[PDB]
Each structure stands twice: as C-alpha cells, then as structure tokens.
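K.L.:
Sending over a structure as structure tokens; questions will come in a sec.
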Amino acid sequence: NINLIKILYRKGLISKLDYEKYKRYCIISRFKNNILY
Amino acid sequence: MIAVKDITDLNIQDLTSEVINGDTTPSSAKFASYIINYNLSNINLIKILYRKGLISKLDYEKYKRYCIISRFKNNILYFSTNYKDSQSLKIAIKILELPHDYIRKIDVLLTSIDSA
C-alpha cells in the first residue's frame with residue numbers, strides 16, 4: 001500500500017498474493033478448530 | 001477552478017447535501033488529470049452513479065498505460081510477461097484510434113522481443 005497511495009508496481013503485488021496464500025496455507029495447516037462456514 | 005475542483009474534493013476526506021456539491025464535482029469533470037482521476041475516484045469512495053465515474057477512470061488509464069506500453073523502450077522478462085498481463089486482462093473484458101494504436105504496441109513488443 002506504500003506504492004498504491006507503471007506496470008512494475010503490480011509486479012510486487014504478485015509476490016504478495018503468492019506467499020500470502022502460502023501463509024494462509026499455514027493458517028490452513030493450523031485449522032485444528034474442530035466451523036461449518 | 002480546474003485544479004481547484006480538487007480543492008473541494010480535498011475537503012471530502014477532511015453531509016449529504018454537503019457532499020452533493022462533491023457529487024456533480026466528480027460528474028462535471030467526466031462530462032467535459034491523470035492524478036486527478038485517481039484521487040477524485042477515491043473522493044466518492046471514502047447509488048450506481050458513482051461507479052459510472054469509475055468506468056471512465058478504468059478506460060483511459062489503460063490507454064494511459066498504453067502510452068506507458070508505447071514507452072516500453074527498456075530493452076524485462078517479467079515485464080514482458082506483465083505486458084501480456086495488461087493486454088489479456090481486458091481481451092475478454094474490454095475509441096477507434098486507440099484500437100489502431102493497440103497494434104503499435106503489438107508490433108513493437110515483438111520487435112523488442114526480437115531485439116533483446
């Protein structure tokens with residue numbers, strides 16, 4: 001959001017959107033909460 | 001008066017009829033500028049008529065990005081993959097002279113792909 005507020009800026013966003021799901025996969029690996037939604 | 005039209009939209013981030021003078025202020029402009037079409041689109045943000053100004057922003061920004069694509073004399077590898085990311089993003093999604101100007105980037109990217 002520092003760059004947000006030419007096409008090279010969104011090249012950093014794809015690095016963010018990649019490992020965030022991998023970090024969300026760590027939050028998915030940490031899904032020992034057993035909910036329905 | 002014109003750059004001072006963004007002086008009143010600075011007060012919009014500072015109430016319903018007070019934003020009504022800011023309602024047509026984002027509509028008088030789009031009926032008649034690069035940074036102004038980015039900030040004032042966020043002036044209305046922070047019914048369906050507001051997003052009618054957003055489509056005017058999302059249209060010419062790619063045309064301005066086509067000027068940034070016409071200015072792609074930087075010969076990289078991820079940038080050329082980003083060049084397909086700017087062209088095939090609207091190929092399903094989205095004015096006569098810009099379409100003929102779109103072929104200019106189509107030849108010069110492959111000309112630079114032949115160069116580098």
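Chain identifiers are assigned as A, B, and so on, following the order in which chains appear in the structure tokens; residues are numbered from 1 within each chain, and ligands are numbered from 1 in order of appearance.
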Name the residues of range 5-103 of chain B that fall into alpha helix (DSSP H) according to DSSP on the backbone, using the chain letters and numbers of this document, as a PyMOL selection string.
P.N.:
chain B and resi 5-8+25-31+36-43+51-70+77-87+97-103
K.L.:
Can you write out as a tab-separated table which residues of chain A fall within 9 Å of chain B, alongside each residue's closest atom pair and its distance in Å to one decimal, counting only C-alpha atoms and ordering rows by chain and ascending residue number?
P.N.:
residue	atom	partner	partner_atom	distance
A:6	CA	B:68	CA	6.7
A:7	CA	B:82	CA	6.9
A:8	CA	B:79	CA	7.1
A:10	CA	B:82	CA	8.7
A:11	CA	B:82	CA	7.6
K.L.:
Keeping only N, CA and C atoms, write the selected residues to a file as a PDB file, in the first residue's frame.
P.N.:
ATOM      1  N   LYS A   6       5.100   2.193 -13.937  1.00  0.00           N
ATOM      2  CA  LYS A   6       3.758   1.835 -14.373  1.00  0.00           C
ATOM      3  C   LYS A   6       3.409   0.408 -13.973  1.00  0.00           C
ATOM      4  N   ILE A   7       3.733  -0.552 -14.834  1.00  0.00           N
ATOM      5  CA  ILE A   7       3.395  -1.944 -14.574  1.00  0.00           C
ATOM      6  C   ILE A   7       4.344  -2.620 -13.599  1.00  0.00           C
ATOM      7  N   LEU A   8       5.416  -1.949 -13.186  1.00  0.00           N
ATOM      8  CA  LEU A   8       6.371  -2.563 -12.279  1.00  0.00           C
ATOM      9  C   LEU A   8       5.871  -2.606 -10.842  1.00  0.00           C
ATOM     10  N   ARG A  10       2.711  -3.408  -9.741  1.00  0.00           N
ATOM     11  CA  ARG A  10       1.937  -4.632  -9.586  1.00  0.00           C
ATOM     12  C   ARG A  10       2.792  -5.889  -9.661  1.00  0.00           C
ATOM     13  N   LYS A  11       4.026  -5.792 -10.165  1.00  0.00           N
ATOM     14  CA  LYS A  11       4.952  -6.914 -10.104  1.00  0.00           C
ATOM     15  C   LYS A  11       5.369  -7.233  -8.675  1.00  0.00           C
TER      16      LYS A  11
END
K.L.:
Compile the contact shell of range 19-27 of chain B as a PyMOL selection string: residues with an atom at most 9 Å away, counting only C-alpha atoms, same-chain residues fewer than 3 positions apart removed.
P.N.:
chain B and resi 5-6+8-9+12+15-16+30-32+37+40-41+43-44+50+53
K.L.:
Please, what distance in Å, to one decimal, runs between CA of residue 84 in chain B and CA of residue 52 in chain B?
P.N.:
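Atom-to-atom, CA of residue 84 in chain B and CA of residue 52 in chain B are spaced 27.0 Å apart.
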K.L.:
Excluding range 108-112 of chain B and any residue of its chain fewer than 3 positions from it, enumerate the residues within 9 Å of it, using only C-alpha atoms, and give them as a PyMOL selection string.
P.N.:
chain B and resi 69-70+72-75+80+83+103-105+115-116
K.L.:
So how many Å separate CA of residue 24 in chain A and CA of residue 37 in chain A, to one decimal?
P.N.:
16.6 Å
K.L.:
Could you please determine the separation between CA of residue 66 in chain B and CA of residue 102 in chain B in Å, to one decimal place?
P.N.:
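These two atoms are separated by 7.4 Å.
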K.L.:
Any idea what's packed within 12 Å of residue 1 in chain A, counting only C-alpha atoms, ignoring anything in its chain fewer than 4 positions away? Could you give it as a ChimeraX atom specification?
P.N.:
/A:5,9-10,12-13,16
K.L.:
Please produce a file of those selected residues containing C-alpha atoms, as a PDB file, in the first residue's frame.
P.N.:
ATOM      1  CA  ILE A   5      -1.424   5.543  -2.179  1.00  0.00           C
ATOM      2  CA  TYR A   9       4.394  -1.759  -9.115  1.00  0.00           C
ATOM      3  CA  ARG A  10       1.937  -4.632  -9.586  1.00  0.00           C
ATOM      4  CA  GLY A  12       5.485  -6.563  -6.349  1.00  0.00           C
ATOM      5  CA  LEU A  13       1.806  -7.328  -5.708  1.00  0.00           C
ATOM      6  CA  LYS A  16       2.491 -10.560  -2.090  1.00  0.00           C
TER       7      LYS A  16
END
